[PDB]
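Chains as they are written, first to last, in my numbering: chain Z, 51 to 197; chain V, 73 to 133; chain U, 19 to 75; chain D, 999 to 1043; chain X, 320 to 386; chain L, 750 to 805; chain S, 5 to 53; chain G, 17 to 279; chain C, -1 to 46; chain P, 94 to 206. Using N, Cα and C, we set each Cβ at its ideal position, and we do this for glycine too. Right, one structure below, let's go through it.
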Amino acid sequence: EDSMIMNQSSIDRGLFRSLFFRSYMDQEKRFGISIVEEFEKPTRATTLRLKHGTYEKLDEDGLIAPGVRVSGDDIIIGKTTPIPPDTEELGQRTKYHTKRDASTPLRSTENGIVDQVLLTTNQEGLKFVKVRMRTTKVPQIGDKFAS
Amino acid sequence: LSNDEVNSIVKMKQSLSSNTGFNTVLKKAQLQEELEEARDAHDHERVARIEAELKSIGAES
Amino acid sequence: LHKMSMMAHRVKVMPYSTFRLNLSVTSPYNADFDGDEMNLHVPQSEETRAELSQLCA
Amino acid sequence: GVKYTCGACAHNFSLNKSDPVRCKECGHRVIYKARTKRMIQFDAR
Amino acid sequence: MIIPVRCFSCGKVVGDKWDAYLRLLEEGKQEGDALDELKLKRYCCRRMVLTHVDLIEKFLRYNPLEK
Amino acid sequence: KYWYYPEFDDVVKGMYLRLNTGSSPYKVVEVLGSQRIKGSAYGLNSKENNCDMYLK
Amino acid sequence: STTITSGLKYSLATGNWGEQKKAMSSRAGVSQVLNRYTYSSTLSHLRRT
Amino acid sequence: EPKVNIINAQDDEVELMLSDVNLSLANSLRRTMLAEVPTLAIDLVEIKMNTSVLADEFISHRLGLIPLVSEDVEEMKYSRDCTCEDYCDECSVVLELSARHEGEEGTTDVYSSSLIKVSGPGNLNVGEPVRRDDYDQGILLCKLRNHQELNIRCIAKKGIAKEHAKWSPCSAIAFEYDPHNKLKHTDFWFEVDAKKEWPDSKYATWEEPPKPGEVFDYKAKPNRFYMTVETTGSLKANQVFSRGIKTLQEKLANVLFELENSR
Amino acid sequence: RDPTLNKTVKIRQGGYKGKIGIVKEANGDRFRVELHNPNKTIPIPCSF
Amino acid sequence: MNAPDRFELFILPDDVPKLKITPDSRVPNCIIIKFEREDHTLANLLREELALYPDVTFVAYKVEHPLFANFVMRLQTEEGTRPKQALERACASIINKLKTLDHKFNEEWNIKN
RNA sequence: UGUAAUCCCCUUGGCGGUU
Ligand SMILES: [Mg+2]
Ligand SMILES: [Zn+2]
Ligand SMILES: [Zn+2]
Ligand SMILES: [Zn+2]
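Laid out in structure tokens, this is it:
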């Protein structure tokens, strides 16, 4: 019924093995005269409503570095947007939420190695990043082939 | 070395060298654009100079 | 298209990422293995499990 | 604090999250991050 | 992209015969004679060297990203 | 490695080094000073090693 | 200068061949994202009617 | 009762004829040589720098497929059976590769000869990548241009071809019996005449063709088997054959011990 | 508060000897470590 | 994603016995043997060795599924002989055959070296 | 004793896959 049998040893030797790249884009938006988004590693204290993933793979500038293995739901771009502060200045020792998280997580079903990170400026002069992820896909039961 | 010294040594190397690979492509492209502009203006005198300059700059390997 | 396109099977957990069928049931489903996909629905009650095992098997 | 590489001249430098995104010698607008210092291991399979 | 180390079907090492194959073809030998001279009998091995396309010579023409 | 240093001018002053006469018997010369010469860029070690420092 | 620039860019970006405020009743799908899955697919896409 | 007769012998391939054995024994021997003789192959790659145009895992896969000399692999232990924390010298071999291109013109080829053995078991002849001669450069691993460098450290472990095809010592084992089809084990497709449409086997001269008046013999069994063992160079042909026999013996002895200890 | 969470770790015993990973779950006595070599995550005892 | 580890083909878990024997009561003097982490290599060898013994009246094996590394063997001997003794005799006989084969190959290789 | 986090558009459009 249109199936086929493949040699496992040929697959081990590199038959029909391929390479997969996926790129992610993000940029800093401008909402007003001094309301800008920032690429940064958000902290559990100064930001609220964080993603359930892990932020420990981000660098100081909020961007992951190439060569780092990533898994699903990991944060590859760290971005925060400002929020008007609440009355928490009552008795909070500077530990009050002023920013909201807008980070970009890796897709839940995908994982791989960070291949190349690009940082530049858009037409408007704001920061603009692109992250490319690389993985290898080996043939297995269910993959589609054709003559 | 300090940051200022590094910048100065960069300016020394850049003012010394007549060439940087990528930027030679940009100059030749700009010269070609200027040449087509001169051609569209029927300026038979400027175009000769631009052609000579392009011939001198070119001949890559 | 017809009521034989939904039938209740018994689960067998296996490695790799594809549903596996005995080839005799590929006729009522009008299915072959060139890329077709099929849907699986899990009953969530004793009553529904009994209905599936006694009616749609 | 973190290294960067220019996209045209391949010149290494660093930024302090406040400098304009630009190569310091040639003025290219596109720069790339440098590879991580962690250990990278593969299964050779 | 670059000559595979092992033949897919059987597993003979063909990755060390690319340079010799090119040298033989340079001297005017036919492809069949060149493959025979390298002691590639089974056609499963012969297709590996015969149908290989060398793309790394095109990737290397791009300026390296670091220095 | 060190010609482009600002202090290299005084560092090289008075030094004794082996020199290729060319006209080859190697001999020693005394550095009376250095003088940068624009437009006299020369290959120092490789093709990319364009230098304009000169030693008197 | 924004009129022509925005009109051309919008029509080429979205594929709706017309003015932006007359998106309905305009011929859609004229402009498509180039298929770069393989070389033959790109060549086929560039010669499609 | 079993007999062995060698036709051709080389360091890399032996062509021999088995006789007075069952077909099952010969096939089990072939299967054991193909996928159950332990060898040594690179199993972990630590990439300290890779600025070449090839992906890191591309080069890792290529490295894993390079055959390494596995003569004394019996003395070596399996990685999972070594009580040492991390890897010691008695369960792993460490090779290191460092390649670089100097100058602003030309292309440098990275060969398997550049793999240098750093550490391994004492006085055991294992780990060195296989070379055809003293002047054979080996398997082409990568190519480099100016300012591209490859600096890796690889660890080789002992395993069998069941786990991954890179540990297989043999390439292809030709196997053949009954060239003249006296046993009628196959039925020959044909258009006009089956005798002149089918090429003769390469061992057809080693057996007398059946007589025209001969009747079918229903009491006969396959008795002589012709098989050629080709290796990748990690192990010699005789070593492959002997170690396949020894592996089969060990498997049967393990079964026997399990039976005797079951009671 | 599980100080070994999000820390690079190496496996010294079992079928994954000498593989670099990162600890993801640290409930207790059974650590979930993602492997850098393949794309998978495996449980492992703390002693390993 | 769901692909099992390759070492599970031959590495035996601690709680899984290598060799489980259960009697088959439908016919007299018959046992069912379940081999774990084995395949056609051992099974076919054992089956074709046992098929030649005059006191073994039924021997067969099957691999239930190619994706699981195990096989099950059915053995059934005469009244005098216990089946497990026949299995042990088969193992020892094949071991002796392999030993003499190795000796003869070594002799021939030394002669033709 | 310093104790770790839970949340996601919408509308159109195109291109595909299985029949
Ligand atoms: Mg179909
Ligand atoms: Zn630059
Ligand atoms: Zn082959
Ligand atoms: Zn050890």
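List the DSSP bridge partners of residue i.
i          : result
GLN1039(D) : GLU62(G)
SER1012(D) : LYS1001(D)
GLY175(G)  : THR55(G)
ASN799(L)  : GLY792(L)
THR247(G)  : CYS186(G)
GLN77(Z)   : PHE178(Z)
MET33(G)   : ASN21(G) and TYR242(G)
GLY19(C)   : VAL7(C) and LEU33(C)
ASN163(P)  : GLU129(P)
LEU41(U)   : None, per the DSSP bridge assignment.
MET183(Z)  : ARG72(Z) and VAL164(Z)
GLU88(Z)   : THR130(Z)
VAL1028(D) : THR170(Z)
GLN169(P)  : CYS123(P) and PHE151(P)
Taking its Cβ as the centre, do 16 or more other Cβ atoms sit within 10 Å of residue i, making it buried, or is it exposed?
i              : result
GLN1039(D)     : buried
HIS116(V)      : exposed
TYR14(C)       : buried
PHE70(Z)       : exposed
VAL256(G)      : buried
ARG119(Z)      : buried
residue 991(D) : Shown here, chain D extends from 999 to 1043; a query on residue 991(D) therefore has no answer.
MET367(X)      : buried
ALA181(G)      : buried
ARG1033(D)     : buried
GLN169(P)      : buried
Residue i touches chain P at which residues, Cβ-Cβ below 8 angstroms?
i            : result
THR99(G)     : Within 8 angstroms Cβ-Cβ: nothing; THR99(G) doesn't reach chain P, min ~16 angstroms.
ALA25(G)     : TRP202, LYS205 and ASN206
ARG47(G)     : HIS133 and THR134
residue 6(U) : Since the first and last residues shown for chain U are 19 and 75, residue 6(U) lies out of range.
Listing by chain order, which chain Z residues have their CB less than 7 angstroms from the CB of residue i?
i          : result
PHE378(X)  : What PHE378(X) touches in chain Z: nothing, since even the nearest Cβ is about 13 angstroms away.
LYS1031(D) : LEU113, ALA115, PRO116, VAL167 and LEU169
For residue i, return the contacting residues in chain G, with the cut-off set at a CB-CB distance below 9 angstroms.
i         : result
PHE103(P) : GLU52, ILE176, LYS178 and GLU179
Can you pull the chain X neighbours of residue i, defined as C-beta to C-beta under 9 angstroms?
i          : result
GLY64(Z)   : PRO323, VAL324, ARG325 and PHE327
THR1034(D) : Result: empty, since nearest Cβ-Cβ is about 14 angstroms, beyond 9 angstroms.
List, in chain order, every chain D residue whose beta-carbon is nearer than 7 angstroms to that of residue i.
i        : result
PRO36(C) : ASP1041
Taking C-beta pairs closer than 8 angstroms, name the residues in chain X that residue i reaches, listed in chain order.
i        : result
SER84(Z) : Result: empty, since nearest Cβ-Cβ is about 37 angstroms, beyond 8 angstroms.
At a CB-CB cut-off below 7 angstroms, which residues of chain X make contact with residue i?
i        : result
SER53(Z) : Those do not exist, as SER53(Z) stays about 20 angstroms from chain X at its closest Cβ, beyond 7 angstroms.
Under 7 angstroms Cβ-Cβ, which residues of chain P neighbour residue i?
i         : result
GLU274(G) : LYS111 and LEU112
Interface residues of chain D around residue i at Cβ under 8 angstroms?
i        : result
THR92(V) : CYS1007 and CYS1024
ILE42(C) : Those within 8 angstroms of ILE42(C) in chain D number zero; the least Cβ separation is about 16 angstroms.
Who are the neighbours of residue i on chain G, taking C-beta pairs under 8 angstroms?
i         : result
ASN137(P) : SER40, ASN43 and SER44
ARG99(P)  : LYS178, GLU179 and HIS180
Closer than 9 angstroms by beta-carbon distance: list the chain Z residues that pair up with residue i, in chain order.
i        : result
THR66(U) : Here the premise fails: no neighbours, minimum Cβ distance about 29 angstroms.
List the residues of chain D that residue i touches, going by C-beta distances under 9 angstroms, in chain order.
i        : result
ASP72(G) : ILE1038 and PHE1040
Item to complete: Pair every Cβ in the region 143 to 159 of chain P with every Cβ in the region 105 to 113 of chain P, then say whether three or more of these pairs are closer than 8 angstroms.
Response: The region 143 to 159 of chain P and the region 105 to 113 of chain P do not touch, with fewer than 3 CB-CB distances between them shorter than 8 angstroms.
Worksheet entry | Cβ contact check for the region 225 to 233 of chain G and the region 44 to 64 of chain G: 3 or more pairs under 8 angstroms | no
Discussion item. My parser needs the beta strand (DSSP E) runs of 3 or more residues fully inside the region 51 to 112 of chain G; what are they?
Written reply: Counting whole runs of 3 or more residues, the region 51 to 112 of chain G contains the beta strand (DSSP E) stretches 55 to 66 and 84 to 86.
Item to complete: Would you check if there are 3 or more beta carbon pairs closer than 8 angstroms linking the region 784 to 800 of chain L to the region 82 to 90 of chain V?
Response: They touch, by the three-pair rule.
Worksheet item: Taking one C-beta from the region 93 to 111 of chain Z and one from the region 123 to 135 of chain Z each time, how about it: are there three or more such pairs within less than 8 angstroms?
Response: yes
Worksheet item: Taking contact to mean at least 3 C-beta pairs separated by less than 8 angstroms, is the region 213 to 221 of chain G in contact with the region 80 to 92 of chain G?
Response: no
Discussion item. Quick test of the definition: if touching needs 3 or more C-beta pairs under 8 angstroms, does the region 91 to 101 of chain Z touch the region 127 to 135 of chain Z?
Written reply: yes
Item to complete: Could I get the ranges of all uninterrupted beta strand (DSSP E) runs contained in the region 98 to 162 of chain Z, with 3 residues as the minimum, in chain order?
Response: 125 to 127, 129 to 132 and 149 to 151, all fully within the region 98 to 162 of chain Z.
Worksheet item: Is there contact between the region 182 to 191 of chain G and the region 132 to 144 of chain G, where contact requires at least three CB pairs shorter than 8 angstroms?
Response: no
Item to complete: Decide if the region 56 to 68 of chain Z is in contact with the region 327 to 338 of chain X; the criterion is three or more beta carbon pairs, one per stretch, under 8 angstroms apart.
Response: yes
Worksheet item: So does the region 204 to 220 of chain G actually touch the region 161 to 180 of chain G, counting three or more Cβ pairs closer than 8 angstroms?
Response: no
Worksheet item: How do the region 40 to 57 of chain G and the region 354 to 364 of chain X stand: do at least 3 beta-carbon pairs fall below 8 angstroms, yes or no?
Response: no
Worksheet item: Per the contact definition of three or more C-beta pairs closer than 8 angstroms, is the region 237 to 244 of chain G in contact with the region 188 to 198 of chain G?
Response: yes
Fill in: Any 3 or more C-beta pairs closer than 8 angstroms across the region 120 to 130 of chain V and the region 18 to 35 of chain C
no
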